[PDB]
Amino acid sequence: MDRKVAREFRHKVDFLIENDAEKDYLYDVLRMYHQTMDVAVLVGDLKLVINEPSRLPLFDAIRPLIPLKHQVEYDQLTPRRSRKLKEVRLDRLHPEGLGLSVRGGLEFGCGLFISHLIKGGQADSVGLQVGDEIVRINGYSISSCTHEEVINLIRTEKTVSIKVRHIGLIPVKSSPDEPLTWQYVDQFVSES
């Protein structure tokens, strides 16, 4: 079985990672994990290559490689994702607002992400999360929208419906000349 598992895993690695040095690092940290069985260190080391949304399926690809006794902890330490979309209905005329912050848009080359949550607020109460990507506002696709257009679209009606996909990463660009990078929720929240 281990030549079949290796074959299927290798196909997933080649598809999601272009660079050979990044592949070599990936296989090396997995080799180290097999020796030490330190799952926390593994997930921490994996983050160096799993550094953008398109690379997150690697966590799914790696999970079968993880022995049964560590799969619960592995799931806890990795972002919880699902291809099923979550829909919520929010009231803009609420005295305390929506209770969330939002960053991103087409001009940044990234989607729209919830970056802050007010604990006990309206967004929080409906189960929205820091790291959620907004994929739909009032029924509309926002893949071709700038930041301002999305904000204006949210403010069109007295109420707003948001469809959400949990990613667990936040886009970062501290100046107009900086490249777009990604931070895991825990880092972004701690540094804010």
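Sequential numbering from 1, following the sequence displayed.
The PDB entry reports B-factors from which the mean C-alpha value can be compared for 31-39 and 138-146; the larger average falls on 31-39. The mean C-alpha temperature factor is higher for 152-160 when 47-55 and 152-160 are set side by side. Per the deposited record, the Cα B-factor of residue 83 falls in the highest third when ranked against the other modelled residues of its chain.
Ranked against the other modelled residues of its chain, the C-alpha B-factor of residue 21 as given in the entry falls in the middle third.
Among all modelled residues in its chain, residue 122 ranks in the middle third by Cα B-factor. When all modelled residues of the chain are sorted by CA temperature factor, residue 116 is found within the middle third.
For residue 99, the recorded CA temperature factor ranks within the middle third of the chain's modelled residues.
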